[PDB]
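Here's run.pdb, which has PDB, C-alpha atoms:
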ATOM      1  CA  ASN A   2     -52.090 -54.252  -1.348  1.00  0.00           C
ATOM      2  CA  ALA A   3     -49.499 -53.387  -3.991  1.00  0.00           C
ATOM      3  CA  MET A   4     -45.849 -54.286  -3.404  1.00  0.00           C
ATOM      4  CA  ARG A   5     -43.633 -51.892  -1.411  1.00  0.00           C
ATOM      5  CA  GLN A   6     -41.417 -49.549  -3.446  1.00  0.00           C
ATOM      6  CA  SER A   7     -38.314 -49.457  -1.220  1.00  0.00           C
ATOM      7  CA  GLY A   8     -35.487 -46.927  -1.380  1.00  0.00           C
ATOM      8  CA  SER A   9     -31.840 -47.835  -1.949  1.00  0.00           C
ATOM      9  CA  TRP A  10     -30.941 -46.358   1.459  1.00  0.00           C
ATOM     10  CA  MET A  11     -33.192 -48.774   3.376  1.00  0.00           C
ATOM     11  CA  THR A  12     -32.332 -51.844   5.413  1.00  0.00           C
ATOM     12  CA  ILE A  13     -34.646 -54.685   6.233  1.00  0.00           C
ATOM     13  CA  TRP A  14     -34.957 -53.402   9.814  1.00  0.00           C
ATOM     14  CA  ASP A  15     -36.548 -50.263   8.462  1.00  0.00           C
ATOM     15  CA  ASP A  16     -39.623 -52.269   7.351  1.00  0.00           C
ATOM     16  CA  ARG A  17     -39.696 -54.013  10.714  1.00  0.00           C
ATOM     17  CA  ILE A  18     -39.489 -50.771  12.621  1.00  0.00           C
ATOM     18  CA  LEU A  19     -42.191 -49.203  10.455  1.00  0.00           C
ATOM     19  CA  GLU A  20     -44.431 -52.272  10.906  1.00  0.00           C
ATOM     20  CA  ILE A  21     -43.988 -52.240  14.667  1.00  0.00           C
ATOM     21  CA  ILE A  22     -44.685 -48.556  15.050  1.00  0.00           C
ATOM     22  CA  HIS A  23     -47.700 -48.836  12.716  1.00  0.00           C
ATOM     23  CA  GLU A  24     -49.230 -51.499  14.935  1.00  0.00           C
ATOM     24  CA  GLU A  25     -48.192 -50.089  18.349  1.00  0.00           C
ATOM     25  CA  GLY A  26     -48.785 -46.426  17.544  1.00  0.00           C
ATOM     26  CA  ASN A  27     -45.425 -45.186  18.752  1.00  0.00           C
ATOM     27  CA  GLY A  28     -41.901 -46.451  19.169  1.00  0.00           C
ATOM     28  CA  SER A  29     -38.688 -45.674  21.007  1.00  0.00           C
ATOM     29  CA  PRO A  30     -35.254 -47.295  20.803  1.00  0.00           C
ATOM     30  CA  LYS A  31     -35.326 -49.240  24.072  1.00  0.00           C
ATOM     31  CA  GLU A  32     -38.753 -50.787  23.475  1.00  0.00           C
ATOM     32  CA  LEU A  33     -38.061 -51.552  19.773  1.00  0.00           C
ATOM     33  CA  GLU A  34     -34.794 -53.231  20.786  1.00  0.00           C
ATOM     34  CA  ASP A  35     -36.737 -55.581  23.060  1.00  0.00           C
ATOM     35  CA  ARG A  36     -38.894 -56.968  20.228  1.00  0.00           C
ATOM     36  CA  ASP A  37     -38.036 -60.483  18.971  1.00  0.00           C
ATOM     37  CA  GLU A  38     -38.340 -59.183  15.440  1.00  0.00           C
ATOM     38  CA  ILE A  39     -35.600 -56.610  15.893  1.00  0.00           C
ATOM     39  CA  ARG A  40     -32.126 -58.166  15.622  1.00  0.00           C
ATOM     40  CA  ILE A  41     -30.080 -54.960  15.665  1.00  0.00           C
ATOM     41  CA  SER A  42     -28.767 -52.984  18.667  1.00  0.00           C
ATOM     42  CA  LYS A  43     -30.462 -50.135  20.507  1.00  0.00           C
ATOM     43  CA  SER A  44     -27.986 -47.697  18.936  1.00  0.00           C
ATOM     44  CA  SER A  45     -28.688 -49.127  15.475  1.00  0.00           C
ATOM     45  CA  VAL A  46     -32.399 -48.754  16.072  1.00  0.00           C
ATOM     46  CA  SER A  47     -31.767 -45.119  17.007  1.00  0.00           C
ATOM     47  CA  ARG A  48     -29.827 -44.690  13.765  1.00  0.00           C
ATOM     48  CA  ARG A  49     -32.637 -46.225  11.688  1.00  0.00           C
ATOM     49  CA  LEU A  50     -35.229 -44.138  13.540  1.00  0.00           C
ATOM     50  CA  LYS A  51     -33.275 -40.965  12.726  1.00  0.00           C
ATOM     51  CA  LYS A  52     -33.050 -42.125   9.105  1.00  0.00           C
ATOM     52  CA  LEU A  53     -36.749 -42.939   8.753  1.00  0.00           C
ATOM     53  CA  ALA A  54     -37.557 -39.498  10.203  1.00  0.00           C
ATOM     54  CA  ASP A  55     -35.201 -37.796   7.739  1.00  0.00           C
ATOM     55  CA  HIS A  56     -37.169 -39.509   5.000  1.00  0.00           C
ATOM     56  CA  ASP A  57     -40.460 -38.440   6.584  1.00  0.00           C
ATOM     57  CA  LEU A  58     -41.642 -42.014   7.092  1.00  0.00           C
ATOM     58  CA  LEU A  59     -41.555 -41.296  10.814  1.00  0.00           C
ATOM     59  CA  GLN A  60     -41.665 -38.084  12.844  1.00  0.00           C
ATOM     60  CA  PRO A  61     -39.922 -37.396  16.173  1.00  0.00           C
ATOM     61  CA  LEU A  62     -42.117 -36.286  19.086  1.00  0.00           C
ATOM     62  CA  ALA A  63     -41.176 -35.192  22.615  1.00  0.00           C
ATOM     63  CA  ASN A  64     -39.024 -37.543  24.699  1.00  0.00           C
ATOM     64  CA  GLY A  65     -37.499 -39.663  21.952  1.00  0.00           C
ATOM     65  CA  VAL A  66     -40.836 -40.977  20.813  1.00  0.00           C
ATOM     66  CA  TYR A  67     -41.258 -41.623  17.083  1.00  0.00           C
ATOM     67  CA  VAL A  68     -44.591 -42.007  15.306  1.00  0.00           C
ATOM     68  CA  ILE A  69     -45.524 -43.002  11.718  1.00  0.00           C
ATOM     69  CA  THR A  70     -46.474 -40.449   9.008  1.00  0.00           C
ATOM     70  CA  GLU A  71     -49.015 -40.673   6.175  1.00  0.00           C
ATOM     71  CA  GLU A  72     -46.063 -41.300   3.854  1.00  0.00           C
ATOM     72  CA  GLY A  73     -44.814 -44.021   6.176  1.00  0.00           C
ATOM     73  CA  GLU A  74     -48.279 -45.623   6.065  1.00  0.00           C
ATOM     74  CA  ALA A  75     -48.659 -45.210   2.328  1.00  0.00           C
ATOM     75  CA  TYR A  76     -45.196 -46.736   1.937  1.00  0.00           C
ATOM     76  CA  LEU A  77     -46.129 -49.908   3.867  1.00  0.00           C
ATOM     77  CA  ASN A  78     -49.172 -50.155   1.511  1.00  0.00           C
ATOM     78  CA  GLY A  79     -47.218 -49.829  -1.713  1.00  0.00           C
ATOM     79  CA  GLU A  80     -48.502 -46.303  -2.390  1.00  0.00           C
ATOM     80  CA  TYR A  81     -45.365 -44.300  -1.694  1.00  0.00           C
ATOM     81  CA  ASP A  82     -42.050 -44.787  -3.482  1.00  0.00           C
ATOM     82  CA  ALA A  83     -39.475 -44.402  -0.714  1.00  0.00           C
ATOM     83  CA  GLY A  84     -36.650 -44.172  -3.291  1.00  0.00           C
ATOM     84  CA  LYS A  85     -38.042 -41.393  -5.527  1.00  0.00           C
ATOM     85  CA  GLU A  86     -39.866 -39.963  -2.484  1.00  0.00           C
ATOM     86  CA  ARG A  87     -43.203 -39.340  -4.129  1.00  0.00           C
ATOM     87  CA  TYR A  88     -46.672 -40.787  -3.806  1.00  0.00           C
ATOM     88  CA  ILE A  89     -47.600 -43.271  -6.550  1.00  0.00           C
ATOM     89  CA  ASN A  90     -50.960 -43.222  -8.365  1.00  0.00           C
TER      90      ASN A  90
ATOM     91  CA  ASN B   2     -50.380 -62.872   9.348  1.00  0.00           C
ATOM     92  CA  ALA B   3     -47.857 -62.449  12.195  1.00  0.00           C
ATOM     93  CA  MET B   4     -44.831 -60.255  11.658  1.00  0.00           C
ATOM     94  CA  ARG B   5     -41.841 -61.511   9.613  1.00  0.00           C
ATOM     95  CA  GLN B   6     -38.884 -62.744  11.671  1.00  0.00           C
ATOM     96  CA  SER B   7     -35.849 -61.768   9.569  1.00  0.00           C
ATOM     97  CA  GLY B   8     -32.197 -62.800   9.894  1.00  0.00           C
ATOM     98  CA  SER B   9     -29.220 -60.500  10.510  1.00  0.00           C
ATOM     99  CA  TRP B  10     -27.872 -61.433   7.078  1.00  0.00           C
ATOM    100  CA  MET B  11     -30.855 -60.169   5.106  1.00  0.00           C
ATOM    101  CA  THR B  12     -31.376 -57.016   3.104  1.00  0.00           C
ATOM    102  CA  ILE B  13     -34.555 -55.189   2.188  1.00  0.00           C
ATOM    103  CA  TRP B  14     -34.259 -56.513  -1.383  1.00  0.00           C
ATOM    104  CA  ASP B  15     -34.459 -60.057  -0.086  1.00  0.00           C
ATOM    105  CA  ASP B  16     -38.071 -59.424   1.012  1.00  0.00           C
ATOM    106  CA  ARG B  17     -38.928 -57.662  -2.226  1.00  0.00           C
ATOM    107  CA  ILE B  18     -37.345 -60.500  -4.161  1.00  0.00           C
ATOM    108  CA  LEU B  19     -39.089 -63.222  -2.202  1.00  0.00           C
ATOM    109  CA  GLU B  20     -42.376 -61.338  -2.576  1.00  0.00           C
ATOM    110  CA  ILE B  21     -42.020 -61.041  -6.339  1.00  0.00           C
ATOM    111  CA  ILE B  22     -41.045 -64.677  -6.804  1.00  0.00           C
ATOM    112  CA  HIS B  23     -43.998 -65.636  -4.594  1.00  0.00           C
ATOM    113  CA  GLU B  24     -46.387 -63.716  -6.886  1.00  0.00           C
ATOM    114  CA  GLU B  25     -44.956 -64.734 -10.277  1.00  0.00           C
ATOM    115  CA  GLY B  26     -43.906 -68.278  -9.305  1.00  0.00           C
ATOM    116  CA  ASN B  27     -40.243 -67.890 -10.359  1.00  0.00           C
ATOM    117  CA  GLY B  28     -37.270 -65.533 -10.550  1.00  0.00           C
ATOM    118  CA  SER B  29     -33.972 -65.004 -12.381  1.00  0.00           C
ATOM    119  CA  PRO B  30     -31.522 -62.066 -12.212  1.00  0.00           C
ATOM    120  CA  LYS B  31     -32.522 -60.662 -15.594  1.00  0.00           C
ATOM    121  CA  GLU B  32     -36.310 -60.671 -15.035  1.00  0.00           C
ATOM    122  CA  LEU B  33     -36.043 -59.471 -11.445  1.00  0.00           C
ATOM    123  CA  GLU B  34     -33.732 -56.577 -12.233  1.00  0.00           C
ATOM    124  CA  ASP B  35     -36.341 -55.388 -14.744  1.00  0.00           C
ATOM    125  CA  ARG B  36     -39.002 -54.990 -12.068  1.00  0.00           C
ATOM    126  CA  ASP B  37     -39.374 -51.371 -10.925  1.00  0.00           C
ATOM    127  CA  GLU B  38     -39.507 -52.506  -7.297  1.00  0.00           C
ATOM    128  CA  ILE B  39     -35.930 -53.702  -7.492  1.00  0.00           C
ATOM    129  CA  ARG B  40     -33.357 -50.946  -7.113  1.00  0.00           C
ATOM    130  CA  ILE B  41     -30.238 -53.101  -7.094  1.00  0.00           C
ATOM    131  CA  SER B  42     -28.214 -54.346 -10.116  1.00  0.00           C
ATOM    132  CA  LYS B  43     -28.512 -57.713 -11.903  1.00  0.00           C
ATOM    133  CA  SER B  44     -25.209 -58.900 -10.383  1.00  0.00           C
ATOM    134  CA  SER B  45     -26.492 -57.833  -6.958  1.00  0.00           C
ATOM    135  CA  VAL B  46     -29.803 -59.604  -7.518  1.00  0.00           C
ATOM    136  CA  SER B  47     -27.902 -62.692  -8.595  1.00  0.00           C
ATOM    137  CA  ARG B  48     -26.084 -62.711  -5.202  1.00  0.00           C
ATOM    138  CA  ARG B  49     -29.239 -62.163  -3.140  1.00  0.00           C
ATOM    139  CA  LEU B  50     -30.874 -65.124  -5.016  1.00  0.00           C
ATOM    140  CA  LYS B  51     -27.912 -67.344  -4.167  1.00  0.00           C
ATOM    141  CA  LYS B  52     -28.026 -66.338  -0.536  1.00  0.00           C
ATOM    142  CA  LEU B  53     -31.798 -66.901  -0.286  1.00  0.00           C
ATOM    143  CA  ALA B  54     -31.281 -70.380  -1.791  1.00  0.00           C
ATOM    144  CA  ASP B  55     -28.347 -71.076   0.535  1.00  0.00           C
ATOM    145  CA  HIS B  56     -30.798 -70.401   3.375  1.00  0.00           C
ATOM    146  CA  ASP B  57     -33.458 -72.681   1.834  1.00  0.00           C
ATOM    147  CA  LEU B  58     -35.877 -69.818   1.227  1.00  0.00           C
ATOM    148  CA  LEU B  59     -35.633 -70.402  -2.526  1.00  0.00           C
ATOM    149  CA  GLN B  60     -34.971 -73.530  -4.564  1.00  0.00           C
ATOM    150  CA  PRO B  61     -32.480 -73.006  -7.387  1.00  0.00           C
ATOM    151  CA  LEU B  62     -33.359 -74.681 -10.702  1.00  0.00           C
ATOM    152  CA  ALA B  63     -31.099 -75.074 -13.735  1.00  0.00           C
ATOM    153  CA  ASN B  64     -30.090 -72.052 -15.773  1.00  0.00           C
ATOM    154  CA  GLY B  65     -30.039 -69.567 -12.895  1.00  0.00           C
ATOM    155  CA  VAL B  66     -33.797 -69.757 -12.241  1.00  0.00           C
ATOM    156  CA  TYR B  67     -35.344 -69.924  -8.748  1.00  0.00           C
ATOM    157  CA  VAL B  68     -38.670 -70.811  -7.112  1.00  0.00           C
ATOM    158  CA  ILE B  69     -39.774 -70.216  -3.502  1.00  0.00           C
ATOM    159  CA  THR B  70     -39.708 -73.009  -0.963  1.00  0.00           C
ATOM    160  CA  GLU B  71     -42.111 -73.959   1.793  1.00  0.00           C
ATOM    161  CA  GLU B  72     -39.690 -72.329   4.242  1.00  0.00           C
ATOM    162  CA  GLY B  73     -39.674 -69.195   2.086  1.00  0.00           C
ATOM    163  CA  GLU B  74     -43.487 -69.086   2.167  1.00  0.00           C
ATOM    164  CA  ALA B  75     -43.506 -69.701   5.894  1.00  0.00           C
ATOM    165  CA  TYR B  76     -40.950 -66.879   6.303  1.00  0.00           C
ATOM    166  CA  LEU B  77     -43.136 -64.378   4.417  1.00  0.00           C
ATOM    167  CA  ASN B  78     -46.053 -65.481   6.607  1.00  0.00           C
ATOM    168  CA  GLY B  79     -44.197 -64.908   9.895  1.00  0.00           C
ATOM    169  CA  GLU B  80     -44.015 -68.636  10.646  1.00  0.00           C
ATOM    170  CA  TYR B  81     -40.322 -69.146   9.938  1.00  0.00           C
ATOM    171  CA  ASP B  82     -37.363 -67.587  11.781  1.00  0.00           C
ATOM    172  CA  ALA B  83     -34.809 -66.726   9.050  1.00  0.00           C
ATOM    173  CA  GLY B  84     -32.125 -65.903  11.688  1.00  0.00           C
ATOM    174  CA  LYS B  85     -32.186 -69.001  13.935  1.00  0.00           C
ATOM    175  CA  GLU B  86     -33.385 -70.897  10.841  1.00  0.00           C
ATOM    176  CA  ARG B  87     -36.369 -72.697  12.364  1.00  0.00           C
ATOM    177  CA  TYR B  88     -40.153 -72.732  12.122  1.00  0.00           C
ATOM    178  CA  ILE B  89     -42.216 -70.923  14.776  1.00  0.00           C
TER     179      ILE B  89
END
Please rewrite the model in this file as structure tokens.
Amino acid sequence: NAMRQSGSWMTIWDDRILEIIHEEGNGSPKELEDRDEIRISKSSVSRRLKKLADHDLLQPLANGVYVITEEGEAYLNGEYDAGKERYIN
Amino acid sequence: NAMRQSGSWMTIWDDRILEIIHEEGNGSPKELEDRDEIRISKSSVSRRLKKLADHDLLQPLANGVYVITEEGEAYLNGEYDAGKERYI
């Protein structure tokens, strides 16, 4: 409900990727690439996925599948500051 | 309610900026840069504002102040394609 607290390292496609994985459950480069809402390349998506995972907004599972974390969820809901990297209360 | 359809030229701060202006009803570099949600500089905010207005997502008023447009609202609601620049 509160506004997202984004980090200075984020791009707009980060929010899109997080939103898509939140709704679909999991994501992978090829299938994210094919979304209308994603206007970056499959390799860029891979780069953003790796980045989101480094920041613990996503986590990598077997076979190049990525899935959202609690922090990723809290972030979408304005409850996690992705810049300072702490929950907000 | 549908997902936002962003353009290749946008940054994350554009959404944050549009969202804030949507809530408060206006925006200027100074007041925006003071929001905690905004992690870019005043000069940087000033440029994002100009670009959002260039793309008709904000209307610029005198004295460096901006308000959101219908197209800006539609964009936030997932009804406007900010890349091809057309309603959906």
Proximity of chain A to chain B: per-residue shortest pair, 9 Å limit, all atoms listed in the file, as CSV:
residue,atom,partner,partner_atom,distance
A:4,CA,B:38,CA,7.7
A:5,CA,B:38,CA,7.2
A:6,CA,B:38,CA,5.2
A:7,CA,B:38,CA,6.9
A:8,CA,B:40,CA,7.3
A:9,CA,B:40,CA,6.2
A:11,CA,B:13,CA,6.7
A:12,CA,B:13,CA,5.2
A:13,CA,B:13,CA,4.1
A:14,CA,B:13,CA,7.8
A:15,CA,B:13,CA,8.2
A:16,CA,B:13,CA,7.8
A:17,CA,B:5,CA,7.9
A:20,CA,B:4,CA,8.0
A:21,CA,B:4,CA,8.6
A:37,CA,B:6,CA,7.7
A:38,CA,B:6,CA,5.2
A:39,CA,B:6,CA,8.1
A:40,CA,B:9,CA,6.3
A:41,CA,B:9,CA,7.6
A:82,CA,B:38,CA,9.0
A:84,CA,B:40,CA,8.4
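Atom pair CA of residue 49 (chain A) / CA of residue 27 (chain A): separated by 14.6 Å.
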In Å, how far is it from CA of residue 57 (chain A) to CA of residue 18 (chain B)? 24.7 Å
Box dimensions and centre (Å, one decimal) enclosing region 66-82 of chain B, axis-aligned, 3 Å extra per side, as AutoDock Vina command-line options:
--center_x -39.9 --center_y -69.2 --center_z -0.2 --size_x 18.3 --size_y 15.6 --size_z 30.0
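Distance-wise, CA of residue 66 (chain B) and CA of residue 87 (chain B) end up 24.9 Å apart.
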Go through B:83, B:32, B:45, B:78 and flag the residue nearest residue 57 (chain B), using all atoms listed in the file for the distances.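 Of the candidates, the smallest distance to residue 57 (chain B) is held by B:83.
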Nearest to residue 86 (chain A), chosen from A:10, A:19, A:47, A:62, with all atoms listed in the file counted in the distances: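 Checking each candidate against residue 86 (chain A), we get A:10 as the closest.
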As a PyMOL selection string, please: the residues near residue 69 (chain A) (cut-off 10 Å, all atoms listed in the file, same-chain neighbours under 5 positions excluded). chain A and resi 18-24+26-28+53-54+57-61+74
